[PDB]
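Remarks on the structure that follows.
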RNA sequence: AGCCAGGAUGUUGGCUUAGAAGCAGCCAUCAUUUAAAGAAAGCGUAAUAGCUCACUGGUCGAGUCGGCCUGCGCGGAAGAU
C-alpha cells in the first residue's frame, strides 16, 4: 500500500518451477529477470512445503532485480486441499453441491503470517468464510 | 377521523352535475336508516388527496355540512373513464 | 483481389411479396391454378417462392407462370386479384400462404 | 437571481464611473467600458456594487445575473488580468510573435499571420506554447478561439492547437 | 394472433364506435394499461404489444388480455369495381372506447410495470395511460 | 449528428438545450448523442 | 448544484477457465474493516490498469427535486407558372 509504477501479482502455483506455457513471458514486460524469480522465492517459500498458489507485490524502480518480500495466499486456494473438491461448480444453485463445517477452515484461515482487517478474532473468522459460499455451498455453521 | 367539508345541492340532474365538474366540484349522496337521502356536493382536489390512502374506503368518515357532523362509510365510487378524476360517490349512514 | 472476386456470396433472401391462395382452378398444362390475393409486396415471375401451410413449409419452388385473367402479366401488386400456377405441385388447399422472395448477392472481400 | 443577489466587490484603486447604462471600469491593467441591457438597475455604494431587476420587464432577475458576471469579470480583468495558454502539438508545429501580429505555422503551404485586436498582448516562451494575456474576458476568449479555428485537433493522435485546461480524448485506427 | 375459433356468421357491418367504455378498473391483476384515445385494435396490433411487455419482463408474473377482436372487417382489392357483393376478411379488430383497459399485469414491481406498458403503448395506434388497482 | 422528430436523454452526460426555435441535445461525453429538431 | 477529498476488504472472487483481477462470458448477488465505497457504474488495456462515477466527509448557507390536473405555444412541417 504505497503507489503505482510496478506493483503486480500473478502466478499458477507455489509447487511449480515457473515454466513457459503456463506463465512464461505472459507475466508481463518489466526488465526484472525471470531466472532470478527462482532464487528469492526459493529462499523462503520452498524451505518447508509448497501446497497452494501465492501472489506478491513487485516494488522496483532503479536497481537490478526484485526486492520484495512474499506474503500469504488467497482464501480460494484453501478451498481445494484442506476443505474438499477443487472446482466442481457445474450448476451451483440447482442443488446443494458441497458443504463446509464450522471447524473446517477455522484453524486454516488463521495460518496467514501477518495480514488482517480489524483486531477482533471473531470478525476475521467469518471474513475468510466470504470466499466460501461463492461456489454455491451450504453453511452448517 | 376523516373530516370532509360538504354542502347541500340546490339543483339536480346531469345539467347541474356537469356544471359542478367544470367548477372543480362533484355530486354525492348520503343514505341509510330512517333518515331520507340528502344531495351533497364535495371538492374534487380535497377528496382526491384523501382517497389516495387505503384508510379512506375502510374507516368511518365524518362529513361536515351546515354545522352538522354525520358519520358515514364509503360504499361505491364512480371514477372518471381515463383521467384520474371522480364522477359520484355513494355514502352510507353508520 | 483475385481471391476476393472468387467469392460468390448472396446475403439477402428478403421476401418480395406474400400472397394467400383461394378458390383453386384446374389447368391442363400445370395441373392446377391457385387463385390468389396478394396481401403484401409485389409478386414477380422468375423469383423463387416458398409454399407453407400452418407455419410449416408444405412445398417449395420457383414460379413458372404468373397469370391474372387472360392477361398473363409478369407482375402483380398487393391487394390486387392475382392468379398463380406451378408444375410439380399436386394439392392446393385454402388457408395456406405462398411467400415469394427475391435473391440478391452481398459480395465478398478478403481479410 | 442567485448570482445577482450577491454583491460584487471592487478592490483598492478601482474607480467605477456610472453615467447611465454604460459602465466604465478602470484599474491597474487597462480600462473597459461595456453597455448594460437597460432591463437591469445597478447601485454603487461603499466598496461594493449590487445588482437587481427593474419594474416593467419580463426577463427581470435573469439579466441582472449577467450584468454582475460581466462587471465582475471586468474587476478581475482591470486589476489581475486573465490568461489563456494554448499549446501546439505534433510534427512541424512552431509558434512565434512579431510585434502585435502572431506568426504561426500549422503545417500549411503558407505561414498564418493573426492580428491581435484591442490591447491584447501575447508571448511564446516555448516554440510549441502560446501564452495570451488581456484585461477583457470577452476578447481573450474570442482571440483564443481564432487560433484554434485555424487548426482543430483530429482525435486519432491529438495534434494541433489545444487549450491548457482542455482534454483531447483520442481513439484507435480500427482494423485494415 | 387473436381471432374467433368459430362464428355464427362470416361477416359483420361497419357499425360505430360511439358511447363510453365499461371496465374502469383492473379486476384480475394489479397494474394495467388503459385506452385514453378512441379507435380500433387489430390482431397484429394486439399481438405486437403483448410481445414487447413479455420481452422486457422475460418470464415472471402473469399477463391478462381484457380485449378481444370479435368483429370481422372486410376489404376490397385493387382493380375491382364498386358493389358486386362485399369483400373478404383480411383481419379482425376490436372497437375500443375511452376507459377500456387493454392489458394487465401482476407479480412484478411498479418500476418495471411502467417500462413494459410504455414499450407496449408505442406499438398501439391510440393514446394510452398507466393505471393502478383501486380498492372497492 | 443524428436528426429526427423525437429527442431523448441517452446518458447522464447528455444535456437538453434550446437554441433559436429548435431543441438540441448537447453531449460532451459521447458526440454520437448529438441531436436536432427536437 | 459547484468546489477540496476518499473510492475499500473477503478479493487477482471459486469458476465448462489458453488469459479474466468487475465488464459479451459463470453463478449466486452473500460477507469483513470502516465517516462512507458495488464479487458493481465506464472511455476502455498484453494482464497489472491509468482515471472517473454510485455512495460519503469538509467547504459554501436557504430553498430545492419531478410526478399529477389544465390554458396558450414550440419542433415534427418538403412540390412543381
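Only the coordinates and a few stated rules stand behind these numbers; no lab work does. In this analysis, Cβ positions are derived from the backbone assuming ideal geometry, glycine residues included, and neighbour counts consider all displayed protein chains.
Would you mind telling me which numbered condition in (1) more than 14 Å from chain E (Cβ to nearest Cβ); (2) surrounded by 14 or more Cβ atoms within 10 Å (Cβ to Cβ) residue C:46 fails? Going through the list (1) more than 14 Å from chain E (Cβ to nearest Cβ); (2) surrounded by 14 or more Cβ atoms within 10 Å (Cβ to Cβ), residue C:46 breaks only (2). When residue C:89 is tested against (1) part of a loop (DSSP other than H, G, I, E, B); (2) away from every other protein chain (no Cβ under 14 Å); (3) in contact with a strand residue (DSSP E or B) (Cβ under 6 Å, 6 or more places away or on another chain); (4) without any contact (Cβ under 8 Å) to a residue 24 or more places away in the chain, only condition (4) is not met.
Is there a residue in region B:4-15 that is more than 11 Å from the chain's Cα centre (by Cα), in a strand (DSSP E or B), more than 14 Å from chain E (Cβ to nearest Cβ) and surrounded by 13 or more Cβ atoms within 10 Å (Cβ to Cβ)? So far as region B:4-15 goes, no, none of its residues is more than 11 Å from the chain's Cα centre (by Cα), in a strand (DSSP E or B), more than 14 Å from chain E (Cβ to nearest Cβ) and surrounded by 13 or more Cβ atoms within 10 Å (Cβ to Cβ). Considering the conditions (1) without any contact (Cβ under 8 Å) to a residue 40 or more places away in the chain; (2) more than 24 Å from residue A:9 (Cα to Cα); (3) near RNA strand G (Cβ under 8 Å from one of its atoms), residue A:104 is excluded by exactly one of them, (3). Scanning region D:124-163 for residues that are loosely packed, with under 12 Cβ neighbours inside 10 Å and within 14 Å of residue D:84 (Cα to Cα) gives a single hit, D:125. A single entry from A:16, A:35 fulfils the requirement of being surrounded by fewer than 15 Cβ atoms within 10 Å (Cβ to Cβ) and away from RNA strand G (no atom under 13 Å from the Cβ): A:35. Considering (1) in contact (Cβ under 8 Å) with a residue 40 or more places away in the chain; (2) near RNA strand G (Cβ under 8 Å from one of its atoms); (3) surrounded by 14 or more Cβ atoms within 10 Å (Cβ to Cβ), say which one residue A:59 fails and leave the rest. (2) is the only condition that residue A:59 fails.
Filtering region A:85-101 down to residues that are in contact with a helix residue (DSSP H, G or I) (Cβ under 9 Å, 6 or more places away or on another chain) and part of a loop (DSSP other than H, G, I, E, B), which residue is farthest from RNA strand G (Cβ to nearest atom)?
Keep residues of region A:85-101 that are in contact with a helix residue (DSSP H, G or I) (Cβ under 9 Å, 6 or more places away or on another chain), which gives A:85-86, A:100.
Subsequent filtering for residues that are part of a loop (DSSP other than H, G, I, E, B) retains A:85-86.
Values: A:85: 8, A:86: 6 Å.
So, considering only residues that are in contact with a helix residue (DSSP H, G or I) (Cβ under 9 Å, 6 or more places away or on another chain) and part of a loop (DSSP other than H, G, I, E, B), the one farthest from RNA strand G (Cβ to nearest atom) is A:85.
Would you point out which residue out of B:77, B:92 is over 30 Å from residue E:97 (Cβ atoms) and part of a strand (DSSP E or B)?
Values: B:77 fails: over 30 Å from residue E:97 (Cβ atoms).
Result: B:92 is the single residue among B:77, B:92 that is over 30 Å from residue E:97 (Cβ atoms) and part of a strand (DSSP E or B).
Considering region A:107-137, the residues that are loosely packed, with under 12 Cβ neighbours inside 10 Å and within 23 Å of residue A:86 (Cβ to Cβ) include one that is nearest to RNA strand G (Cβ to nearest atom), namely A:130.
When region B:54-71 is filtered for residues that are in contact (Cβ under 8 Å) with a residue 12 or more places away in the chain and within 14 Å of chain E (Cβ to nearest Cβ), the ones remaining, listed by number, are B:55, B:56, B:57, B:59, B:61. Just checking, does region D:146-169 include any residue being in contact (Cβ under 8 Å) with a residue 24 or more places away in the chain, closer than 26 Å to residue D:30 by Cα and in contact with a helix residue (DSSP H, G or I) (Cβ under 6 Å, 6 or more places away or on another chain)? No, the conditions are met nowhere in region D:146-169. All conditions in (1) more than 30 Å from residue D:11 (Cα to Cα); (2) touching a residue at least 24 places away in the same chain (Cβ under 8 Å); (3) surrounded by 15 or more Cβ atoms within 10 Å (Cβ to Cβ) hold for residue D:96, with the sole exception of (3). Elements of the type strands (runs of 3 or more DSSP E) sitting completely within region E:5-96 and holding at least 1 residues that are over 16 Å from residue E:122 (Cβ atoms), touching a strand residue (DSSP E or B) at 6+ places or on another chain (Cβ under 6 Å) and within 14 Å of chain C (Cβ to nearest Cβ): these cover E:71-75, E:88-96. Against the condition within 11 Å of another protein chain (Cβ to nearest Cβ), touching a helix residue (DSSP H, G or I) at 6+ places or on another chain (Cβ under 7 Å), closer than 21 Å to residue E:1 by Cα and part of a strand (DSSP E or B), how does residue E:103 come out, does it pass? Criteria not met by residue E:103.
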